[PDB]
Amino acid sequence: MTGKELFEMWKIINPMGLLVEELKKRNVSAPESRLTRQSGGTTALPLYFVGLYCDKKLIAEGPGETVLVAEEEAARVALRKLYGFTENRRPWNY
Amino acid sequence: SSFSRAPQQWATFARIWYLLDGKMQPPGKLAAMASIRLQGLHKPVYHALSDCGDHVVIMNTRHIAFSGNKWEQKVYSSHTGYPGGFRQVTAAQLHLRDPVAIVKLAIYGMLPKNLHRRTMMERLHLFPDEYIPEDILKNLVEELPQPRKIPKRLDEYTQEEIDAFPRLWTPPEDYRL
Amino acid sequence: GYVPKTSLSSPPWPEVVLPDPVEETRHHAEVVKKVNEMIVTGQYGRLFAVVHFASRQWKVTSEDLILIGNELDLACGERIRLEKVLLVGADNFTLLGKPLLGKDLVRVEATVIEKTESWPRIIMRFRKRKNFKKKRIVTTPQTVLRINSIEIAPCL
Amino acid sequence: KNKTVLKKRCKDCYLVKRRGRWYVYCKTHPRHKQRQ
Amino acid sequence: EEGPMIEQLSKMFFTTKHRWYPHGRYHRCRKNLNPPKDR
Amino acid sequence: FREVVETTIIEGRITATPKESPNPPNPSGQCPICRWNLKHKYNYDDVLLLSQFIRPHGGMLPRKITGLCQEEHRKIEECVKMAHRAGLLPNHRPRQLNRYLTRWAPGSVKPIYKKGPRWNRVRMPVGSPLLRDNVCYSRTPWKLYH
RNA sequence: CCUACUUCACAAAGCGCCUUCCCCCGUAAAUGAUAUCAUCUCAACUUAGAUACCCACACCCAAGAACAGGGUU
Ligand SMILES: [Zn+2]
């Protein structure tokens, strides 16, 4: 699991719901899904960069070709952040 | 970063649309920037093989300015195939015929001579006026600022500025002008 | 020695006013302290290091592979402490030396995986019309290091 | 007539610079009209 | 229909016609089907 | 400044002396430009200065009325001309291509129909060669020929 | 392009008939600065100063080497 990030290992469907559940468990709140940036859109090669805000503070933010996809990505990122992963992680002691 | 792989990759690449207003600017001073953008040399990801070029919208190209006497002096010169088909045209004339042309030519010259040049040119969007199409406007992200600063004529300077500036000499009270 | 407002009276560039050195020093100290605190807390997550090995500079992290084109004269599986970590960075803070960081601050560890030869590389000379045609095949020896760990300390 | 060195022949003659070249014009003696 | 289709593609994607025209057999044979993938 | 007033009758009327600016920074200079310290620190850009040595219909004023050193006077004139060419003195007039830095009048320049080989090539003049000693400031000098 | 003529003859020619649509740049001349007159102005200025065509099996042909094109009521 050195290179392999989560979601490759534990594959899932509908991360938004999961996030919501996790949020509830944690803070007793629900996330808004704002759209941070977008080049294209009508071009046929857009770059929708979509956030996820909780009480006017972004917990995560992800990219995508389409808006739904972007949202999904953001959700995934949020999940990763929650579950002590990310690309950063910590090296692990051997 | 976080992110899954493909989406990250997409984010890294993805063609951004940029805007340039002409109006009083020199072509080629526009084109330097535009050419760079087209190439994708403004990205730290740049390679000739990767295809990282962005879109450049340029507007108000009818309101280009030329430095010195280039409107009258600068000759754009091309051949048809045909004997006696050597056409030389002064920049002004060219502009009058097609206002998009001058900027475009400059951009072309700036770009590397490889086959990608024409593809790069297709990501260039030139307009003679403020009227850009709707799709293109939707696409746009950021205007990078104009090279030439615009000198500002006396009508625009306002009174306060004038007051601030000193009057350097006394005329004779008997002088007409 | 005054000039009224024109295009060439004042500079094109804006005038920067660099701050007072005592205050600046204090600020720097504060920053350092913060960094130290962070280090203590384990608030970081994965480090990287620009290390200097075999005249090349390498941005390196835990778990990565590096290929050095020469013999190190080490048995494989031996562990190495790489000196000359001239950059050590992470999310939220970075440390650069002048040019090298101190040994107390940081250390990078590397296990030698394998010692090998390169694929055969062809040298070949030629000149027109002058019967000059040489051909030498070479295999430059190589070593593969696996960087295991970047330890970073609270010395600052 | 064309000349690289323009000279006034008469007092009525005058040098003018027009169209990026120096000319000599005289209202009395139009012979002395010269170009650069 | 071919040319029209090509034109449409170009319009969509902002690029020249030349890439959409289908390249020959030799070239395709040459192409690496299992390239060395990394990371 | 005086003015002729005609209706036959003719009269003369005086109105509003500029009266200088109060106290120059370098006094005991010989000129309006010289005293202040704009020896090499003006251009066509700056029209608040140029308009001071200009007639109501855009022409220059003479050296003897302004009181400018001759070398400077010429420069000033050139600047004024440039400004006019640009379109920076619209309220100064006798009674479509954008422009700046024009040394020659637009009419009176024949096109560079045969720019020669690079070792003897024809160049389009941009700006005046009077304004060389103008403060270049950047590490390269002014490219007066394009 | 072929109604006569002529070469000719279900056509194709000329010796026959028909149609043919813009500028041009050197100078000349006002007002007018630098240089309070004057001066055509590489001073600011004012005068003399592109439309048309083109674009949706078979058999015969004013279409044609083949290919293509037109017609087949
Ligand atoms: Zn002086």
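- As recorded in the PDB header, cryo-EM is the method behind this entry, and the stated resolution is 3.4 Å.

1. Details of the interface of chain A and chain B
And step 1. The partner chain B presents 17 residues to the 21 residues of chain A that form the contact.
And step 2. Roughly 1600 Å² of surface becomes buried between chain A and chain B when both sides are summed, with 55% attributable to carbon and sulfur atoms.
And step 3. Put simply, the parts of the chain that give the side of chain A that touches chain B at least two residues each are β1 (35–39), β2 (47–53), β3 (58–64) and α2 (67–82) of chain A.
And step 4. Counting residues per element, the side of chain A that touches chain B draws most heavily on α2 of chain A, which supplies four residues.
And step 5. Looking at side-chain class alone, the side of chain A that touches chain B contains six nonpolar, nine polar and six charged residues.

2. So, the environment of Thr158 of chain B
Residues and elements named next belong to chain B.
And step 1. Its location among the elements puts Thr158 in the loop between α7 (134–139) and α8 (159–164).
And step 2. A relative accessible area of 45% means that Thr158 is categorised as partly exposed.
And step 3. Separated by 149 residues in the primary sequence, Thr158 and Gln9 have C-alpha atoms spaced 52 Å apart.

3. Considerations on the nonpolar core
Note on soluble globular proteins: their nonpolar side chains tend to be buried together.
And step 1. Counting 34 residues, the largest nonpolar core has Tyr42, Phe53 and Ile76 of chain F as its most contacted members.
And step 2. Only α1 (32–36), α2 (47–50) and α4 (70–86) of chain F provide two or more residues apiece to this core.
And step 3. Broken down by element, the residue count for this core peaks at five residues, all from α4 of chain F.
And step 4. With 29 residues, the next largest nonpolar core counts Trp58, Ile80, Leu105 and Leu145 of chain C among its residues.

4. Quick look at the pattern of salt bridges
And step 1. Evaluation of the coordinates by the stated rule reveals 18 salt bridges over all chains.
And step 2. Taking the shortest distance from any N to any O, the salt bridge between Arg153 of chain B and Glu156 of chain B comes out at 1.9 Å.
And step 3. Taking relative accessible area as the criterion, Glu156 of chain B reaches 34% and is therefore assigned partly exposed.
And step 4. One salt bridge in this structure joins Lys103 of chain C and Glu83 of chain C, with 3.1 Å as the shortest N-O distance. One end of the pair, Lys103 of chain C, is in the loop between β6 (94–96) and β7 (106–117); the other, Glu83 of chain C, is in the loop between β4 (79–82) and β5 (85–90), and 20 residues separate them in sequence.
And step 5. We classify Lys103 of chain C as exposed; its relative accessible area is 52%.

About the thresholds
Residues numbered from 1 in each chain as written, not as in the entry; some residues may be left out. Chains lettered and ligands numbered in written order. Part of a larger assembly, values for the part shown. Heavy atoms only, no water. Contact = heavy atoms within 4.5 Å. Buried area = accessible area lost by both parts, 1.4 Å probe. Helix = DSSP H or I, 4+ residues; strand = E, 2+ residues; numbered from the N terminus. Nonpolar A, V, L, I, M, F, W, Y, C, P; charged D, E, K, R; others polar. Buried < 20%, exposed > 50% of the residue type's maximum accessible area, 1.4 Å probe, protein only. Core = buried A, V, L, I, M, F, W, Y, C linked by side-chain atoms within 4.5 Å. Salt bridge = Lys/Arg side-chain N within 4 Å of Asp/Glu carboxyl O.

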